[PDB]
Amino acid sequence: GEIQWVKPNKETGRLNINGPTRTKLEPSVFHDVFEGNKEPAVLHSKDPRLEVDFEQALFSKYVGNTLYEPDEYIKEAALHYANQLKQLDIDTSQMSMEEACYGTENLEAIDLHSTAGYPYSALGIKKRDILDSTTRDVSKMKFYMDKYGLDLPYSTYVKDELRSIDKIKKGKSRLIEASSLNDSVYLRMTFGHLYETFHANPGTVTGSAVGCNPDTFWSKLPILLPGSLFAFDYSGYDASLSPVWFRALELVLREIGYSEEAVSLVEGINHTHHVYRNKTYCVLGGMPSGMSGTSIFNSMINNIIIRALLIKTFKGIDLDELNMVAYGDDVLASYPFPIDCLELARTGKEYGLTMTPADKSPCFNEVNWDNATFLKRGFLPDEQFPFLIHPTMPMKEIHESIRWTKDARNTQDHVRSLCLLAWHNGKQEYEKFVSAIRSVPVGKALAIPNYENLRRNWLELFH
RNA sequence: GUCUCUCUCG
RNA sequence: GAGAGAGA
Ligand SMILES: [Zn+2]
């Protein structure tokens with residue numbers, strides 16, 4: 001992805017889009033019970049902790065574009081992935097506006113608390129003024145679709161969240177690039193049925209884990225990914241995507257039967273305009289972060305990428321023996337023989353992709369079930385039923401979370417949520433966690449899940 | 001102040 | 001109907 005131009009909003013006529021510049025994050029009553037280094041992300045150019053120019057740090061993720069047109073490898077990769085999707089029998093017909101707004105069994109209703117985006121946000125119109133759960137009204141939505149149309153700019157907000165000290169000094173805050181309600185509705189009508197298929201079928205046929213619940217999904221993954229594992233990290237995946245990957249996605253959507261009218265929406269993703277503060281800017285390439293379908297299309301593009309990388313770097317790859325699941329840029333894959341990701345990464349750099357080792361070291365070391373991570377969780381067989389796999393979240397991450405709060409009124413829910421993640425690390429580590437929580441007065445006031453009930457609730461998910 | 005999952009409360 | 005947490 002590459003910024004093509006930046007203009008004042010005076011010159012483009014776009015409304016200003018401003019988000020909060022003060023963090024809601026404050027130290028919690030556990031701030032000194034646990035160790036951690038993270039602090040709230042920089043939200044303002046005048047943050048005293050910055051050691052670089054903030055806005056330049058924010059937009060450095062757009063590293064440029066390399067390829068624009070699919071080569072032979074990307075074409076074969078796209079066709080192989082699309083052929084695989086055919087068995088799912090995706091409904092390529094347009095989803096009704098009423099389903100698209102108010103939801104189906106496998107597609108959540110449009111959230112009425114998340115932004116309506118441009119221009120409704122700037123004008124002061126919330127979604128509750130357009131959409132109504134009770135009435136399932138689509139009349140006003142049709143009106144506003146006609147009034148403001150489509151290809152509206154993406155509203156850019158900085159995300160208020162914890163970050164490591166290094167990312168605070170270098171201003172590497174993360175951006176939400178929120179699509180207008182009109183484009184969301186339009187994308188959900190065009191692809192809502194494919195979204196349903198993906199949400200209902202996380203696994204190695206979609207090649208996607210969007211919609212999975214890790215508590216149950218983890219036990220399927222060693223069976224879905226037989227053989228030798230491979231995985232790696234991307235640096236700035238979404239923003240590094242060149243236009244070739246959107247051309248490749250068009251190839252996939254066409255081959256599984258989408259109308260040219262539907263396929264034509266992809267160029268509106270490849271080429272997007274954004275408003276941040278009082279400026280408009282054009283981005284060519286790059287996936288917007290707050291678009292309807294960001295995770296799914298990121299995941300689909302990843303399926304094309306891994307296939308293309310394999311057949312370009314190695315001779316004799318049989319793609320039918322590849323198994324992979326992606327959640328956006330996060331990937332876990334397997335193949336009958338070990339795959340050298342040092343070579344995959346070399347090829348990836350030609351495509352404009354920066355790929356680093358999974359274990360965060362400088363060397364591409366072996367990935368196996370004892371060290372693999374997906375969605376930030378490891379894989380730990382249950383000691384009693386070894387076919388049941390615990391998703392393990394490192395206590396370090398849980399420790400970072402519990403030391404801060406955006407509203408100490410919600411301390412109980414926050415601590416409970418963390419306990420539901422923590423117990424998978426085992427009884428000893430969990431009770432150590434609970435003991436520390438209970439070492440301060442507020443901790444003695446909280447209802448904390450008992451390990452045995454947690455484990456028994458989990459086992460019952462498998463019936 | 002994006003989506004997915006999970007939990008909690010009327 | 002409202003709130004939170006984590007992940008991407
Ligand atoms: Zn443009």
Side-chain angles (χ1 to χ4, degrees), chain A residues 17-21 23 25 28 40-41 43 106-112 114-117 121 132-133 154-162 173-181 183-184 187-188 195 198-200 202 208-218 233-234 236-238 274 276 287-299 302 325-332 373-377 391 393-394 397-398 400-402 404-408 410-424 446-449 454 457-458 461:
Chain A
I17 295 291
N18 309 287
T21 56
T23 180
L25 287 159
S28 77
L43 299 179
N106 294 307
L107 181 66
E108 273 303 294
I110 294 193
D111 192 344
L112 311 174
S114 60
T115 188
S121 55
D132 179 343
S133 98
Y154 285 75
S155 316
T156 294
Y157 307 94
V158 191
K159 183 165 168 66
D160 181 23
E161 71 189 330
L162 292 183
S173 300
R174 292 199 299 174
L175 299 168
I176 295 160
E177 293 139 4
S179 83
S180 150
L181 179 63
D183 292 296
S184 294
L187 277 159
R188 287 162 68 93
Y195 296 172
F198 272 58
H199 296 165
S208 157
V210 181
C212 85
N213 170 18
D215 264 11
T216 50
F217 195 60
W218 251 228
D233 296 335
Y234 295 97
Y237 174 89
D238 293 40
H274 309 253
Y276 174 63
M287 183 79 64
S289 72
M291 191 186 77
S292 158
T294 286
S295 294
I296 282 168
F297 293 131
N298 271 337
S299 305
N302 222 338
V325 304
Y327 196 128
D329 64 290
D330 204 358
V331 178
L332 192 58
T373 64
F374 188 50
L375 312 182
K376 250 164 170 205
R377 296 130 155 121
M393 172 144 291
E397 291 309 289
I398 301 167
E400 298 274 356
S401 171
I402 195 165
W404 301 81
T405 182
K406 294 188 214 123
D407 189 350
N410 302 311
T411 302
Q412 165 78 71
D413 279 7
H414 183 183
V415 171
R416 177 174 169 88
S417 288
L418 289 184
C419 287
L420 303 203
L421 297 165
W423 77 273
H424 285 289
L446 303 179
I448 292 171
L454 290 171
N457 287 352
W458 182 69
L461 299 176

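Each chain gets a letter, A, B and so on, in the order its sequence line appears, and its residues count up from 1.
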* Structure fact -> Contacts of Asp215(A) and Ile176(A) projected onto RNA chain B by closest heavy atom; the upstream (5') one is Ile176(A)
* Asked: Does a nitrogen or oxygen in the side chain of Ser289(A) sit under 4.0 Å from OP1 or OP2 of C3(B)?
  -> no
* Closer than 4.0 Å, any side-chain N/O of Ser114(A) to the OP1 or OP2 of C3(B)? -> yes
* Asked: Where the side chain of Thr115(A) is defined as all heavy atoms beyond and including C-beta, which of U2(B), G1(C), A8(C) is the nearest nucleotide?
  -> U2(B)
* Report which part of the nucleic acid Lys159(A) touches: base, sugar-phosphate, or nothing (heavy-atom distance under 4.0 Å, all strands). => base
* Just to confirm, is there a sub-4.0 Å distance from OP1 or OP2 of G3(C) to any side-chain nitrogen or oxygen of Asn410(A)? -> no
* Spacing of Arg174(A) atom CZ relative to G7(C) atom P, expressed in whole Å -> 8 Å
* Beyond-backbone contact of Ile17(A) with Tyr157(A), side-chain heavy atoms, under 4.5 angstrom -> yes
* Taking the side chain from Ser401(A) and the backbone from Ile398(A), do they hold a donor-acceptor pair closer than 3.5 Å? -> no
* Which listed nucleotide (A8(C), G1(B), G1(C)) is nearest to the side chain of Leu375(A)? -> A8(C)
* Atom pair distance, as rounded to whole Å: CZ in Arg377(A) and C1' in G5(C) -> 11 Å
* **Heavy-atom pair with the smallest gap, counting every atom of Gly328(A) and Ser299(A)** => N-OG, 2.9 Å
* To the nearest Å, give me how far apart CH2 (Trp218(A)) and P (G7(C)) are. => 12 Å
* When the distance from NE2 of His414(A) to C1' of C9(B) is rounded to whole Å, what number comes out? -> 17 Å
* Can you name the residues that form a side chain to side chain donor-acceptor pair (under 3.5 Å) with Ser208(A), not counting sequence neighbours? -> none
* Structure fact -> Judged by nearest nucleotide, the residue sitting upstream toward the 5' end of RNA chain B, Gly290(A) or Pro214(A), is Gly290(A)
* **Touch class at under 4.0 angstrom, heavy-atom based, for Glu108(A) against every strand present** => sugar-phosphate
* Asked: Which whole-number value in Å describes the distance from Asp111(A) CG to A4(C) P?
  -> 11 Å
* When you check the phosphate oxygens OP1 and OP2 of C7(B), does a side-chain N or O of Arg416(A) lie under 4.0 Å from one of them? -> no
* Does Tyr276(A) reach the side chain of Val158(A), with side-chain heavy atoms less than 4.5 Å apart? -> yes
* Asked: Does a nitrogen or oxygen in the side chain of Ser401(A) sit under 4.0 Å from OP1 or OP2 of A6(C)?
  -> yes
* side chain to side chain donor-acceptor pair (under 3.5 Å) involving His424(A) - partner list, sequence neighbours excluded -> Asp215(A), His390(A)
* To do: Find the distance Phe374(A):CZ to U4(B):P and express it as a whole number of Å.
  => 16 Å
* Asked: Can a donor-acceptor pair under 3.5 Å be found between the side-chain atoms of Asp413(A) and the base atoms of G3(C)?
  -> yes
* To do: Output yes when at least one side-chain N/O atom of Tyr327(A) is less than 4.0 Å from OP1 or OP2 of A8(C), else no.
  => no
* Rounded interatomic separation in angstrom, taking CD from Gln412(A) and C1' from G10(B) -> 16 Å
* What is the distance from CG of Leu43(A) to P of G1(B), rounded to the nearest Å? -> 14 Å
* Between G5(C) and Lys406(A), is there an OP1 or OP2 to side-chain N/O distance shorter than 4.0 Å? -> yes
